[PDB]
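Chemist: Can you keep this structure in mind? I'll have questions shortly.
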Amino acid sequence: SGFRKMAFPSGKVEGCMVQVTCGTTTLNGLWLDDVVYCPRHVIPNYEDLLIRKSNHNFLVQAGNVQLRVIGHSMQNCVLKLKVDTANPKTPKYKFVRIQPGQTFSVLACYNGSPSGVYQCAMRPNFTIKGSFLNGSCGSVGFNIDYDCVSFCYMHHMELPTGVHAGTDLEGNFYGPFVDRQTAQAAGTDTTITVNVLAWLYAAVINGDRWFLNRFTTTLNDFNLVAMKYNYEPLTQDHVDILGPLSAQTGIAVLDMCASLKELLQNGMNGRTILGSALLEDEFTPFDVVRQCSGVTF
Amino acid sequence: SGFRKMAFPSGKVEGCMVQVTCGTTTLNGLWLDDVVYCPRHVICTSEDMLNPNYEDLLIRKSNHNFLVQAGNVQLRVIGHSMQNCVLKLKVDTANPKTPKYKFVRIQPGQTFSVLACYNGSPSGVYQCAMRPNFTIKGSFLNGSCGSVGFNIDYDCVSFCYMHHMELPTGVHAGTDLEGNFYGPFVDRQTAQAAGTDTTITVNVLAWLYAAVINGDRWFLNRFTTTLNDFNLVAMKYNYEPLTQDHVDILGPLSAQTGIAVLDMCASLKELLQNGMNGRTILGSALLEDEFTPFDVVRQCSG
Ligand SMILES: CN1CC[C@H](C(=O)N[C@@](C)(C(=O)Nc2cncc3ccccc23)c2ccc(Cl)c(Cl)c2)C1
Ligand SMILES: [Cl-]
C-alpha cells in the first residue's frame, strides 16, 4: 500500500555529474566515457563563439580530480567536451527523446554535485515544472530500463513563469524554445489525460473507490468533454496502454473515463484521491504498474 | 523558481542494499562495513509472529541459515547478534561502497528519503515524513522490509529508518538503525493500530514561507496572533501544537520574507477557516506538511 511520487534510483547518474567552468560561468556536465555533455550556453552565433575557445578554457572538475579537455564539438544546443579520462563509473546508457506526457527523474545538481532527485513530466506545452536555481543548467532527466539509463533531458533555462526548458541529450530543445536571450513564453498547458486515468487506477488499487460510477462513455463523447476542460485528447493507444490496469482492477477504460467526466463537471466535493484534492497527471500508466507491482533496478 | 518534493540522491544508499534470506523469508539488508542490518522478523514464520520470543528463535539459528546476497556475490555470515528489533549479521566481506554514515533517530515532523527495495534491488526513491502518530505514509509492497530512510546532508548519510511493517490502514511502522521502533509499535501480530494523525504545523508554515519566496502571496493577511490563540485554533483542525522551538526555527524564513512567524500563523488560521477557494499554493490544493523549515531553506537557497 501507499502511493508516492517516486523517482528512479539516482546512483548510476550520480557517478556522471561533473562541474563545467568556462569564463565566469559554472554549470553541470554529464561525463559519459571520454565525453562531457553540457548546455552550449556555457560559452548568439555559437559556431563563431566556439571557434574562439581553446580546450584549456573549459575547466572540468569531477569531484576533486580536474579533467583535461582534449577536444570540443557542438551538436545542436549541447557542447561535447572530449576529455582524456574515460568515466570509470559510466553506466549502460542511451540517449532517448521523450514524448509529452512521459515522466522522468531529474537529478538536480549545483557545481557538479547532486543536491536532490525528483520526478516530473514533460508537459504537453513542452516545458517541465521542475525545481531549479541558478547553477542547475546541465542537470539531467532520465529513466531506468532494466540496467540501462535512458537520458532524455538536459536543463538549459527557466521561462518567465518559473517553468523550465531544455533539450534531449542530442541538443534538440523540447518545444519551440531557443537558447538565445529573447522573449520566450510557455504556451497554454493541458492536463495529461492518460496519466490522470492511470493515477485513478492507482487509487482504485489502493482502496479509493468513491469516484467510481455505474457509467461508461464513448471515446468521442469523452474527448468532447476533455477538450472543454483543457485535457489532452485520449487516443485509442492510450486506451490500449491502460488495458493492464483495466484488467487488474476490473474497470474498463471508458468506464474510468466516465468517472473522470463526472470529476471534471462536479469536482471532488471535499473528498481527496490518494491524499490529493486535484487530479494528478504526472504518473504514466507504466509508472503506476512499476510502483504497484515492484519492478527493480 | 519551482518547488518540488525532492529526495536525496540515493546513490550512497544503493551500494549498501543486499538481499537477506532466512528460510522461506526474503527481505532487504543494509550492508555497512562488515555488518548487514535487517529487521529481526526475518527469522520468524507467520505463526511465530503472534507471540514470538526472538531471543529463543535466534539461539536456534546458525550462521549458514542466513543467505546474504550482494548483487551476484553471496556473502558469508560469520556472526549474528540482535539489537532491539534489528538483526546484525556479521559478514566476512566489508562493503567497499560503504559511505560516511551515522545512525540518527528522528523526531516526528522530520522528513527523509526512502529507497524502496525488493530482493536487495532498489526500485525507487521517494520523500516522506515521520508523522506525529509515529508512522510513515510510504509506498511499500511485500518484500520491502529492510528498506531504509535517510538524509544525506554534506557527504554523510544519516540512516534514520528501517521498514518493518504495514499497519491495517496502509501506513508503515519501522525502527531507527538501532532497532528501536518509532511509536508504540512492536514486531508482533497484535491489534496495534496507528493513533489519530495530526498535521505537522511547523512544516505547513515552512511550506507557506516557500510559497511567499516563490511569488505566492494571496493567502497572506493583515492579522497577527498570539501563540496560545493560534494553538487553540490549530488544535480544532487536528494540527500539531506550535511550540516556541518551532517559532525559533522558522526565524530565518521569517527574516528572508519579512513576514513574522505569528503573522504567517494568522495566515494559516485564515486558510484553515476559509479553505483555498479554487486557488492553489505551489500547485497544491491542500496545505503541505512534508517539507521541514530546513528542506525549504536548502531548496530555496542551496
Ligand atoms: C499477505 N501477508 C500477510 C502477512 C504478511 C505481512 O504483512 N508481513 C509483514 C512482514 C509486513 O508487514 N509486510 C509488509 C511491509 N510493508 C508493506 C506491505 C504491504 C503489503 C503487505 C505486506 C507488507 C509483517 C507482518 C506482521 C508484523 Cl507484526 C510485521 Cl513486523 C511484519 C503479508
Ligand atoms: Cl529530527
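Ordering of the C-alpha cells sets the chain letters (A, B, ...), residue numbers begin anew at 1 in every chain, and ligands are numbered from 1 in the order given.
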Please check which protein, DNA or RNA residues sit within 9 Å of ligand 2, counting only C-alpha atoms and all ligand atoms, and write them as a PyMOL selection string.
Modeler: chain B and resi 104-111
Chemist: Give me, as an mmCIF file with N, CA, C and O atoms, in the first residue's frame, all polymer residues having an atom no more than 8 Å from stretch 199-216 of chain B, counting only C-alpha atoms and skipping those fewer than 6 positions away in the same chain.
Modeler:
```cif
data_model
loop_
_atom_site.group_PDB
_atom_site.id
_atom_site.type_symbol
_atom_site.label_atom_id
_atom_site.label_comp_id
_atom_site.auth_asym_id
_atom_site.auth_seq_id
_atom_site.Cartn_x
_atom_site.Cartn_y
_atom_site.Cartn_z
ATOM 1 N N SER B 1 13.362 29.200 -9.453
ATOM 2 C CA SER B 1 11.935 29.006 -9.185
ATOM 3 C C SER B 1 11.529 27.524 -9.196
ATOM 4 O O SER B 1 12.279 26.659 -9.660
ATOM 5 N N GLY B 2 10.347 27.251 -8.669
ATOM 6 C CA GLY B 2 9.820 25.903 -8.609
ATOM 7 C C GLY B 2 9.922 25.343 -7.220
ATOM 8 O O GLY B 2 10.813 25.722 -6.451
ATOM 9 N N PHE B 3 8.985 24.467 -6.880
ATOM 10 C CA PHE B 3 9.025 23.814 -5.589
ATOM 11 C C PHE B 3 8.569 22.395 -5.781
ATOM 12 O O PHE B 3 7.468 22.152 -6.262
ATOM 13 N N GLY B 109 7.675 14.829 12.455
ATOM 14 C CA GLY B 109 7.746 16.054 11.683
ATOM 15 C C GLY B 109 8.986 16.104 10.806
ATOM 16 O O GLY B 109 9.017 16.832 9.812
ATOM 17 N N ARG B 131 5.343 10.908 10.731
ATOM 18 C CA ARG B 131 4.087 11.506 11.134
ATOM 19 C C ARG B 131 4.076 11.693 12.644
ATOM 20 O O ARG B 131 4.724 10.951 13.386
ATOM 21 N N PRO B 132 3.283 12.659 13.137
ATOM 22 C CA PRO B 132 3.170 12.834 14.581
ATOM 23 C C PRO B 132 2.706 11.559 15.308
ATOM 24 O O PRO B 132 3.094 11.358 16.460
ATOM 25 N N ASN B 238 -7.046 19.591 13.988
ATOM 26 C CA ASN B 238 -6.142 18.453 14.085
ATOM 27 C C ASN B 238 -4.718 18.801 13.657
ATOM 28 O O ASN B 238 -4.048 18.023 12.964
ATOM 29 N N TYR B 239 -4.275 19.984 14.047
ATOM 30 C CA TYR B 239 -2.921 20.425 13.747
ATOM 31 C C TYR B 239 -2.109 20.291 15.011
ATOM 32 O O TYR B 239 -2.615 20.557 16.108
ATOM 33 N N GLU B 240 -0.844 19.916 14.858
ATOM 34 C CA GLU B 240 0.109 19.804 15.950
ATOM 35 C C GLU B 240 0.287 21.163 16.626
ATOM 36 O O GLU B 240 0.276 22.191 15.946
ATOM 37 N N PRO B 241 0.473 21.205 17.957
ATOM 38 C CA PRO B 241 0.715 22.492 18.600
ATOM 39 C C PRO B 241 2.058 23.065 18.137
ATOM 40 O O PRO B 241 3.016 22.329 17.912
ATOM 41 N N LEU B 242 2.102 24.365 17.920
ATOM 42 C CA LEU B 242 3.312 25.054 17.517
ATOM 43 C C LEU B 242 4.001 25.536 18.776
ATOM 44 O O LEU B 242 3.428 26.313 19.518
ATOM 45 N N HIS B 246 9.533 25.752 17.506
ATOM 46 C CA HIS B 246 9.095 25.843 16.129
ATOM 47 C C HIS B 246 9.152 27.291 15.620
ATOM 48 O O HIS B 246 9.562 27.507 14.479
ATOM 49 N N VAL B 247 8.757 28.267 16.463
ATOM 50 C CA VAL B 247 8.777 29.699 16.145
ATOM 51 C C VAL B 247 10.214 30.183 15.932
ATOM 52 O O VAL B 247 10.464 31.025 15.061
ATOM 53 N N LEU B 250 11.600 28.777 12.576
ATOM 54 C CA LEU B 250 11.071 29.496 11.420
ATOM 55 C C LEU B 250 11.633 30.925 11.249
ATOM 56 O O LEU B 250 11.364 31.553 10.234
ATOM 57 N N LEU B 253 13.385 31.962 7.883
ATOM 58 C CA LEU B 253 12.385 32.121 6.819
ATOM 59 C C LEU B 253 11.605 33.415 6.992
ATOM 60 O O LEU B 253 11.333 34.098 6.023
ATOM 61 N N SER B 254 11.276 33.761 8.236
ATOM 62 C CA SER B 254 10.577 34.987 8.627
ATOM 63 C C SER B 254 11.415 36.228 8.256
ATOM 64 O O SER B 254 10.879 37.251 7.830
ATOM 65 N N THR B 257 11.674 36.568 4.153
ATOM 66 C CA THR B 257 10.440 37.050 3.529
ATOM 67 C C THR B 257 9.915 38.366 4.121
ATOM 68 O O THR B 257 9.138 39.057 3.470
ATOM 69 N N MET B 264 2.552 34.883 9.811
ATOM 70 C CA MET B 264 2.281 33.715 8.968
ATOM 71 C C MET B 264 1.285 32.744 9.665
ATOM 72 O O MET B 264 0.456 32.154 8.981
ATOM 73 N N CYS B 265 1.287 32.663 11.013
ATOM 74 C CA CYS B 265 0.340 31.853 11.788
ATOM 75 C C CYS B 265 -1.084 32.346 11.598
ATOM 76 O O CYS B 265 -2.010 31.537 11.543
ATOM 77 N N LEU B 268 -2.165 31.055 8.277
ATOM 78 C CA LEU B 268 -2.544 29.660 8.395
ATOM 79 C C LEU B 268 -3.939 29.514 8.995
ATOM 80 O O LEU B 268 -4.773 28.816 8.416
ATOM 81 N N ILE B 281 -1.561 26.645 -3.814
ATOM 82 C CA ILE B 281 -0.333 27.184 -3.260
ATOM 83 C C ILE B 281 0.726 26.210 -3.683
ATOM 84 O O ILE B 281 0.616 25.018 -3.391
ATOM 85 N N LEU B 282 1.691 26.669 -4.478
ATOM 86 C CA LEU B 282 2.754 25.826 -5.016
ATOM 87 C C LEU B 282 2.192 24.582 -5.755
ATOM 88 O O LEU B 282 2.652 23.449 -5.545
ATOM 89 N N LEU B 287 -2.935 21.983 2.121
ATOM 90 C CA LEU B 287 -1.786 22.523 2.845
ATOM 91 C C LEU B 287 -0.764 21.414 3.096
ATOM 92 O O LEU B 287 -1.094 20.398 3.705
ATOM 93 N N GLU B 288 0.447 21.568 2.552
ATOM 94 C CA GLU B 288 1.515 20.564 2.614
ATOM 95 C C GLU B 288 2.293 20.561 3.928
ATOM 96 O O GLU B 288 2.807 21.603 4.346
ATOM 97 N N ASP B 289 2.448 19.368 4.548
ATOM 98 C CA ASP B 289 3.190 19.282 5.804
ATOM 99 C C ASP B 289 4.415 18.382 5.747
ATOM 100 O O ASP B 289 4.925 17.991 6.807
ATOM 101 N N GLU B 290 4.899 18.042 4.530
ATOM 102 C CA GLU B 290 6.058 17.143 4.448
ATOM 103 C C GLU B 290 7.310 17.845 3.926
ATOM 104 O O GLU B 290 8.163 17.208 3.310
ATOM 105 N N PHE B 291 7.448 19.149 4.245
ATOM 106 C CA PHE B 291 8.642 19.951 3.990
ATOM 107 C C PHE B 291 8.962 20.636 5.291
ATOM 108 O O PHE B 291 8.179 21.475 5.748
ATOM 109 N N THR B 292 10.097 20.302 5.883
ATOM 110 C CA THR B 292 10.521 20.943 7.121
ATOM 111 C C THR B 292 11.077 22.350 6.825
ATOM 112 O O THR B 292 11.445 22.621 5.680
ATOM 113 N N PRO B 293 11.291 23.202 7.854
ATOM 114 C CA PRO B 293 11.924 24.503 7.597
ATOM 115 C C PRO B 293 13.332 24.394 6.967
ATOM 116 O O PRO B 293 13.700 25.245 6.171
ATOM 117 N N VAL B 296 12.934 23.642 3.130
ATOM 118 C CA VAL B 296 12.578 24.834 2.393
ATOM 119 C C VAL B 296 13.814 25.683 2.159
ATOM 120 O O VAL B 296 14.038 26.122 1.031
ATOM 121 N N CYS B 300 15.351 26.465 -1.531
ATOM 122 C CA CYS B 300 15.232 27.846 -1.994
ATOM 123 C C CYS B 300 16.504 28.670 -1.792
ATOM 124 O O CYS B 300 16.423 29.901 -1.795
#
```
Chemist: Counting only C-alpha atoms and all ligand atoms, name the residues that have an atom within 8 Å of an atom of ligand 1; the answer should be given as an MDAnalysis selection string.
Modeler: (chainID A and resid 1) or (chainID B and resid 41 46 49:50 139:145 163:167 170 172 186:190)
Chemist: May I have the selected residues written with N, CA, C and O atoms, as a tab-separated table (two decimals), in the first residue's frame?
Modeler:
```tsv
chain	number	residue	atom	x	y	z
A	1	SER	N	0.81	-1.22	0.00
A	1	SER	CA	0.00	0.00	0.00
A	1	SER	C	0.85	1.27	0.00
A	1	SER	O	2.04	1.25	0.30
B	41	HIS	N	12.49	-9.75	12.31
B	41	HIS	CA	11.38	-10.62	11.94
B	41	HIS	C	11.68	-11.54	10.73
B	41	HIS	O	10.87	-12.41	10.43
B	46	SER	N	4.95	-16.91	9.96
B	46	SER	CA	3.71	-16.17	10.20
B	46	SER	C	3.05	-16.62	11.53
B	46	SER	O	2.42	-15.80	12.20
B	49	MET	N	4.85	-15.04	14.55
B	49	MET	CA	4.51	-13.63	14.68
B	49	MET	C	3.50	-13.26	15.74
B	49	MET	O	3.55	-12.12	16.19
B	50	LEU	N	2.58	-14.16	16.13
B	50	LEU	CA	1.58	-13.80	17.14
B	50	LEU	C	2.21	-13.47	18.48
B	50	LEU	O	1.93	-12.40	19.01
B	139	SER	N	5.27	3.95	0.44
B	139	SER	CA	4.77	3.20	-0.69
B	139	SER	C	5.55	1.92	-0.64
B	139	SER	O	6.72	1.88	-1.05
B	140	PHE	N	4.93	0.87	-0.07
B	140	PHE	CA	5.63	-0.37	0.14
B	140	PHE	C	4.76	-1.58	-0.15
B	140	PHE	O	3.62	-1.66	0.25
B	141	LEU	N	5.34	-2.55	-0.80
B	141	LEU	CA	4.70	-3.82	-1.09
B	141	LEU	C	5.38	-4.88	-0.22
B	141	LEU	O	6.35	-4.58	0.50
B	142	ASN	N	4.89	-6.15	-0.28
B	142	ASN	CA	5.54	-7.21	0.48
B	142	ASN	C	6.91	-7.48	-0.14
B	142	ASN	O	7.07	-7.45	-1.37
B	143	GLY	N	7.88	-7.69	0.71
B	143	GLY	CA	9.26	-7.85	0.29
B	143	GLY	C	10.09	-6.59	0.46
B	143	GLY	O	11.29	-6.60	0.18
B	144	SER	N	9.46	-5.49	0.90
B	144	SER	CA	10.15	-4.22	1.10
B	144	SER	C	10.78	-4.08	2.46
B	144	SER	O	11.42	-3.06	2.70
B	145	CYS	N	10.59	-5.05	3.37
B	145	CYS	CA	11.12	-4.94	4.73
B	145	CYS	C	12.62	-4.90	4.70
B	145	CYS	O	13.22	-5.58	3.89
B	163	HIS	N	12.32	-0.05	7.45
B	163	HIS	CA	10.95	-0.51	7.33
B	163	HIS	C	10.79	-1.93	7.86
B	163	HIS	O	11.59	-2.82	7.56
B	164	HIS	N	9.75	-2.12	8.71
B	164	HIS	CA	9.44	-3.36	9.38
B	164	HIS	C	8.05	-3.88	9.05
B	164	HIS	O	7.91	-5.08	8.87
B	165	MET	N	7.03	-3.02	9.01
B	165	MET	CA	5.67	-3.50	8.76
B	165	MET	C	4.68	-2.48	8.20
B	165	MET	O	4.89	-1.27	8.27
B	166	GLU	N	3.57	-2.99	7.67
B	166	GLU	CA	2.48	-2.17	7.22
B	166	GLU	C	1.31	-2.39	8.18
B	166	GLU	O	0.92	-3.53	8.43
B	167	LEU	N	0.77	-1.31	8.73
B	167	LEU	CA	-0.34	-1.37	9.65
B	167	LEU	C	-1.66	-1.56	8.89
B	167	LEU	O	-1.69	-1.41	7.67
B	170	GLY	N	-2.80	0.87	5.95
B	170	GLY	CA	-1.94	1.08	4.80
B	170	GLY	C	-0.75	1.99	5.03
B	170	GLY	O	-0.08	2.40	4.07
B	172	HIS	N	2.93	2.83	7.49
B	172	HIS	CA	4.03	1.94	7.85
B	172	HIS	C	4.76	2.30	9.09
B	172	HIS	O	4.92	3.46	9.45
B	186	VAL	N	5.26	-2.75	17.91
B	186	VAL	CA	6.03	-3.94	18.19
B	186	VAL	C	6.03	-4.84	16.94
B	186	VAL	O	5.09	-4.80	16.14
B	187	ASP	N	7.10	-5.64	16.76
B	187	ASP	CA	7.21	-6.57	15.63
B	187	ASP	C	6.57	-7.91	16.01
B	187	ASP	O	7.21	-8.96	16.10
B	188	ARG	N	5.27	-7.83	16.28
B	188	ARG	CA	4.41	-8.89	16.75
B	188	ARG	C	2.99	-8.60	16.21
B	188	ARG	O	2.52	-7.47	16.30
B	189	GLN	N	2.34	-9.64	15.62
B	189	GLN	CA	0.99	-9.57	15.07
B	189	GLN	C	-0.05	-9.37	16.18
B	189	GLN	O	-0.66	-10.33	16.66
B	190	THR	N	-0.26	-8.13	16.57
B	190	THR	CA	-1.21	-7.79	17.61
B	190	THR	C	-2.29	-6.85	17.04
B	190	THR	O	-2.29	-6.58	15.84
```
Chemist: So how far away is atom CA of residue A:75 from atom CA of residue A:44, in Å?
Modeler: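 Taking atom CA of residue A:44 as the start and atom CA of residue A:75 as the end point, the length is 15.2 Å.
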Chemist: Kindly indicate which residue among B:59, B:73, B:260, B:276 lies nearest to chain A, using only C-alpha atoms for the distances.
Modeler: B:276
Chemist: Could the residues of chain B that have an atom at most 7 Å from chain A be listed as a Markdown table, each with its closest atom pair and the distance in Å to one decimal, counting only C-alpha atoms and ordered by chain and ascending residue number?
Modeler:
```
| residue | atom | partner | partner_atom | distance |
| --- | --- | --- | --- | --- |
| B:1 | CA | A:162 | CA | 5.2 |
| B:2 | CA | A:131 | CA | 4.3 |
| B:3 | CA | A:131 | CA | 5.3 |
| B:4 | CA | A:131 | CA | 5.8 |
| B:5 | CA | A:118 | CA | 6.7 |
| B:6 | CA | A:118 | CA | 5.0 |
| B:7 | CA | A:117 | CA | 5.1 |
| B:8 | CA | A:116 | CA | 4.7 |
| B:9 | CA | A:116 | CA | 5.2 |
| B:10 | CA | A:10 | CA | 5.6 |
| B:11 | CA | A:11 | CA | 3.6 |
| B:14 | CA | A:11 | CA | 6.7 |
| B:118 | CA | A:296 | CA | 6.8 |
| B:121 | CA | A:296 | CA | 5.6 |
| B:122 | CA | A:297 | CA | 5.6 |
| B:123 | CA | A:296 | CA | 4.0 |
| B:124 | CA | A:8 | CA | 5.0 |
| B:125 | CA | A:7 | CA | 5.2 |
| B:126 | CA | A:6 | CA | 4.8 |
| B:137 | CA | A:2 | CA | 6.7 |
| B:138 | CA | A:2 | CA | 5.5 |
| B:139 | CA | A:2 | CA | 4.0 |
| B:140 | CA | A:1 | CA | 5.6 |
| B:141 | CA | A:1 | CA | 6.2 |
| B:170 | CA | A:1 | CA | 5.3 |
| B:285 | CA | A:277 | CA | 5.6 |
| B:286 | CA | A:277 | CA | 6.4 |
```
Chemist: Env of residue B:30: 12 Å cut, atoms = only C-alpha atoms, seq-sep filter 4 positions within chain, self excluded. Answer as JSON, numbers by chain.
Modeler: {"B": [12, 13, 14, 15, 16, 17, 18, 19, 20, 34, 35, 36, 37, 38, 39, 68, 69, 70, 86, 87, 88, 89, 90, 91, 94, 95, 97, 98, 99, 101, 103, 115, 117, 120, 121, 122, 145, 146, 147, 148, 149, 150, 159, 161, 162, 163, 177]}
Chemist: List every residue of stretch 51-223 of chain A that DSSP, applied to the backbone of this structure, assigns to strand (DSSP E), and report them as a VMD selection string.
Modeler: chain A and resid 58 to 62 65 to 67 69 to 75 78 to 83 92 to 95 103 to 110 113 to 121 140 to 145 148 to 158 164 to 167
Chemist: Find the residues near residue A:58: any atom within 10 Å, counting only C-alpha atoms, skip ones fewer than 4 places away on the same chain, and give them as an MDAnalysis selection string.
Modeler: chainID A and resid 19:23 26 42:43 53:54 67:69 72 81
Chemist: Emit the selected residues as a PDB file, in the first residue's frame, including C-alpha atoms.
Modeler:
```
ATOM      1  CA  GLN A  19      31.355  20.746 -12.946  1.00  0.00           C
ATOM      2  CA  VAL A  20      31.979  22.678 -16.192  1.00  0.00           C
ATOM      3  CA  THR A  21      33.517  26.148 -15.989  1.00  0.00           C
ATOM      4  CA  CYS A  22      34.108  28.496 -18.906  1.00  0.00           C
ATOM      5  CA  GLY A  23      34.964  32.081 -18.087  1.00  0.00           C
ATOM      6  CA  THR A  26      29.859  27.470 -13.845  1.00  0.00           C
ATOM      7  CA  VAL A  42      28.321  27.836 -21.067  1.00  0.00           C
ATOM      8  CA  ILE A  43      30.450  29.643 -23.741  1.00  0.00           C
ATOM      9  CA  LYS A  53      37.545  28.847 -27.454  1.00  0.00           C
ATOM     10  CA  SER A  54      40.603  26.759 -26.537  1.00  0.00           C
ATOM     11  CA  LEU A  67      39.825  16.550 -16.153  1.00  0.00           C
ATOM     12  CA  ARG A  68      41.811  17.806 -19.162  1.00  0.00           C
ATOM     13  CA  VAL A  69      39.709  18.681 -22.217  1.00  0.00           C
ATOM     14  CA  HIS A  72      35.308  20.149 -28.278  1.00  0.00           C
ATOM     15  CA  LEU A  81      33.894  18.307 -24.407  1.00  0.00           C
TER      16      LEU A  81
END
```
Chemist: Just to confirm, what's the straight-line distance from atom CA of residue A:49 to atom CA of residue A:74 in Å (one decimal)?
Modeler: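 Rounded to one decimal, the two atoms are 11.1 Å apart.
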Chemist: List every residue of stretch 28-268 of chain A that DSSP, applied to the backbone of this structure, assigns to helix (DSSP H, G or I), and report them as a VMD selection string.
Modeler: chain A and resid 40 to 42 46 to 51 55 to 57 193 to 205 219 to 228 236 to 241 243 to 249 253 to 266
Chemist: When you look at residue A:78 with a cut-off of 8 Å (counting only C-alpha atoms), what residues show up, excluding the ones that are within fewer than 5 positions of it in the same chain? I need them as JSON, numbers by chain.
Modeler: {"A": [37, 38, 39, 40, 169, 170, 171]}
Chemist: Give me, please, the distance in Å between atom CA of residue B:58 and atom CA of residue B:92, quoted to one decimal.
Modeler: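 Distance between the two atoms: 19.7 Å.
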Chemist: Point out the residue among B:63, B:119, B:133, B:113 with the least atom-to-atom distance to residue B:171, counting only C-alpha atoms.
Modeler: B:133
Chemist: With a distance cut-off of 10 Å and only C-alpha atoms, select the neighbouring residues of stretch 217-228 of chain A, excluding the residue or stretch itself and same-chain residues fewer than 6 positions from it, and output the selection as a list in words.
Modeler: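 Once the nearby chain positions are removed, what remains is residues 190, 191, 193, 234, 235, 236, 239, 253, 254, 255, 256, 257, 258, 259, 260, 261, 262, 264 and 265 of chain A.
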Chemist: When you look at stretch 151-154 of chain A with a cut-off of 8 Å (counting only C-alpha atoms), what residues show up, excluding the ones that are within fewer than 6 positions of it in the same chain? I need them as a list in words.
Modeler: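 With the cut-off at 8 Å, the set is residues 38, 39, 93, 94, 95, 96, 97, 98, 104, 137, 138, 139, 140, 141, 142, 143, 166, 167, 168 and 169 of chain A.
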Chemist: Write a file of the selected residues as an mmCIF file, in the first residue's frame, keeping C-alpha atoms.
Modeler:
```cif
data_model
loop_
_atom_site.group_PDB
_atom_site.id
_atom_site.type_symbol
_atom_site.label_atom_id
_atom_site.label_comp_id
_atom_site.auth_asym_id
_atom_site.auth_seq_id
_atom_site.Cartn_x
_atom_site.Cartn_y
_atom_site.Cartn_z
ATOM 1 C CA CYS A 38 26.695 20.244 -21.220
ATOM 2 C CA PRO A 39 24.487 23.188 -22.420
ATOM 3 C CA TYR A 93 23.128 4.217 -21.288
ATOM 4 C CA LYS A 94 21.087 5.504 -24.254
ATOM 5 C CA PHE A 95 20.042 8.944 -25.425
ATOM 6 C CA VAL A 96 16.267 8.886 -25.824
ATOM 7 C CA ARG A 97 13.871 11.689 -26.825
ATOM 8 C CA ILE A 98 10.637 11.526 -24.804
ATOM 9 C CA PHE A 104 11.327 11.090 -15.780
ATOM 10 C CA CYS A 137 21.946 24.131 -16.015
ATOM 11 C CA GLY A 138 23.211 20.773 -17.243
ATOM 12 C CA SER A 139 21.204 18.774 -14.617
ATOM 13 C CA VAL A 140 19.734 15.762 -16.413
ATOM 14 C CA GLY A 141 16.419 13.940 -16.675
ATOM 15 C CA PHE A 142 16.391 10.164 -17.091
ATOM 16 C CA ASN A 143 14.570 6.832 -16.849
ATOM 17 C CA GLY A 166 15.716 22.068 -22.002
ATOM 18 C CA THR A 167 16.907 19.657 -24.668
ATOM 19 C CA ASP A 168 17.289 15.912 -25.218
ATOM 20 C CA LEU A 169 20.918 14.614 -24.947
#
```
